[PDB]
Every structure is written in structure tokens, then in C-alpha cells.
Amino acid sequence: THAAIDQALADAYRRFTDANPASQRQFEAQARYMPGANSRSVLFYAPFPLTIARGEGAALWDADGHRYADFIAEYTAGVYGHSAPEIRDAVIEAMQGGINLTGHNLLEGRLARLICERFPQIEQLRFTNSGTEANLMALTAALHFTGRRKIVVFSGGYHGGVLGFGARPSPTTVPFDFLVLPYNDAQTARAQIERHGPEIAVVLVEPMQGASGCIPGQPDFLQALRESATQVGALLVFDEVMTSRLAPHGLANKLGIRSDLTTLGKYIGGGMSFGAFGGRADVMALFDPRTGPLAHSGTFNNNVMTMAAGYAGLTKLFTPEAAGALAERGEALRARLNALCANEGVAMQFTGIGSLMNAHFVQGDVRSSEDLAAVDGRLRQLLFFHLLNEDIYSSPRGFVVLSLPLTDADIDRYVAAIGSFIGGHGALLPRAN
């Protein structure tokens, strides 16, 4: 199928290029001032990325005027859609009270309380400006609290712009003392955490890996991390920047597993810049300016616009009930997609939990990024371009994200588009056994 796939992809590039001349012009101009016209690597794809001009609800428009149903929703940050009035009105009201207030304010405590109550494993928290900052601070807290240096993470793990892992840390990863272990391998985790126990400050893990392909952590593996971390005296940190959305009180609570710290981000700030870290009060005490040894400084951490937007979103829109309902809608979609793939006999599946899923061109159980390392990326590209042709805006990597305004008809369009993808590319796709 090698040559045929190359040809199909060349055809797709041509069709995309011809359909999007304003986006191509914009790309060429913008490449003068930013490398590859780009400020967030995931937003770039070949031959050039679409410029997005406008959004409303779960609709996006590109520079050439195409309207799409949005199935990516700012990589899970955009759970409210692009134009929620509750969010916009909260931000406008905050701005009318004054911004850059340079002190403790009347909004930060409301959002802090809400988060501690909704995610009770967070006894106290502090706000950051990103998920990346939240994870850096959580790691810093654990190193100091334990007096140890080694940090256990998992291959495929993504914790932010300077905290990413393959078998080894990514080229942009901060040089902490990382021990990188295989995801969903409880035996190796127990053995290695025991071997290095007295040196391990922290075990940092996503309860479902996001960036690596929506790969659920198996309960026996996640429990092994909790058991081993407690055994050796390390802190367990759950990175729930993505997974906090997956159940009314997040995925760790759904699983009944308690981490010492938890990090949050993306949608929790109402669509605005946001992160948070929190957990045990005795660990968070390190940052109490009255008595603790650690400073945690930043400029925009408690900004009134983020505080207002986050509080409005979590109280009026993405409530605990709404999180559960969106999860149910996502489970139904993933089941339909997997049934379709199986019925058609193709080696294609969708992995994930609830409102988050990812297309993969492999058969069998997907338990780690290793199971996906051989996937033909040209097929992911063909899928992406096919979806654009079917008026659906997805991610190049095949990550599908539900948001609140997405209609049942929109979801039907996605399933139909996968059907037409399989129907039209049947000669190119790997066959199931």
C-alpha cells in the first residue's frame, strides 16, 4: 500500500492547498516574524496550517471562509465552546471593576474554594499561568518536602512545554533527575520504585495519557504507583490538567485513588490562561508566606479575568453534572466509532475515556505509546484532510474532544465522516485479523 498512500496524500495536499489560498498567504507572511509562522508546535501541520478567523459555539471559520464543526476545542481547554455568553459576561464584569489590581482580590478565593470542594484531594492550592507552571511547582514542592531528588515519570508522558518524555526526556525537558518508566507496566514500576526508593521524591503521572494518544492508565498500574510511592515515602502527583474533566470530580476520584498533589489547567480557567497545583495542606504549607521556606512568584496568577471566567464556567456551564453528561455522550460516540471500525474490518480504533478519544491505525489493546510507535502517520494525515473536506475541524494527531455546544447532529456528522473515510480509503487501510 506504500506507493498508493503516498499518492493519496499528495492529492490531499493539493486539494487542501487549492481550497485554502488565504490561509496559505497568511502563513507565508507570518513566517517572517515567528519560526514557521508558529507559536505553539501542535498547531503546525504540513503543507501549512489553516488560519482560524472566527468561532461561535462549536463552530470555527478559517481565513478562506470555511465553517467547521469543532472536534478539537483547544486541546480540551475549550469545553465551553468559542463564544459562551456566561464566560464573556463574567470577563466584561471583571474588567469593569478594574484589572491588574496588584494585590489579593475579591475573585481568587471564590475560585480556589470551588476547586478545593469539587476536587477534595486538593485541600489547598495555588494558581499558576499554565499547566506547565503547575507541574513545575508541584515537582518543586515534592523535592523540598521529601528532601530527595529523583522524579519518576512515564514514557509518553506529557506535562507541559519543558516536561515531555519518550524513552528519555525530550530535548526541551528541564534537567531534573528523571527516572523514565514504561506506562501501564506495574511490575517494572514496583521494581524500579523499590530499587531507587530512598532517592525518589515523587511519582508524576497522568491517569490517562493525553498527548500520547488517550491511553487509559490501568487500575492495577495506577494503584501500584500509589502503593509503591507510599511504601518508599515518595509523593504521588496526578497530572489532571486534562483528566479532571472526565468525571464530575475528575478521573482520580472516579477511580478512588488519592494523590498527594494534583495539577489542573486548561478548561478550569474558563477559557482563559490558567493552571493550578494543590493537594495536602502540609505540603502546600511550604508556600505559606508566613511560615514556609518556598516562594511562589508570578505576575498573572490571580488575575481577575481568569478568576471570573473560571468561576463562571465551573458554576454555570461545566458543572459536575455537565461533566458526567458530556462523559456519557463521549462514551456513546467512542462505542459507535469502534463498532463501525470493527464492522468494516479495518485496523482502526478510538481509545480514551468519556469526552476524550483518539483515532489510531492499529489493532489490539493500546496500553502505552510503544504500541503506537509504528502507526503510519500518513494515514493520520489522510484522516485529518478527509475530515476538513467533510466540514469537521479535528487535530492532526487524531485527538477528538467534545465541548458543551456540540450537538447530537454534529456528533452524527463525525461518525458519518469516519464511515465515508473507511468507504473511500478501504484499499489503503490496514486490515483487521
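Don't overthink the numbering: it's just position in the shown sequence, from 1.
The PDB entry reports B-factors from which the mean C-alpha value can be compared for 360-368 and 376-384; the larger average falls on 360-368.
For the pair 281-289 and 129-137, the mean B factor over Cα atoms is greater in 281-289. Residue set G81, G197, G310, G156: peak C-alpha B-factor at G197 (per PDB entry). In this entry, the residue among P216, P182, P320, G345 with the greatest C-alpha B factor is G345. In this PDB entry, the Cα temperature factor of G65 sits in the bottom third of its chain's modelled residues, the lowest group. Among all modelled residues in this chain, the alpha-carbon of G269 has a temperature factor (C-alpha) in the middle third. Sort the modelled residues of the chain by CA B factor and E86 lands in the middle third. When the CA B factors of the chain's modelled residues are split into thirds, the value for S244 lands in the lowest one. Ranked against the other modelled residues of its chain, the C-alpha B-factor of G55 as given in the entry falls in the lowest third.
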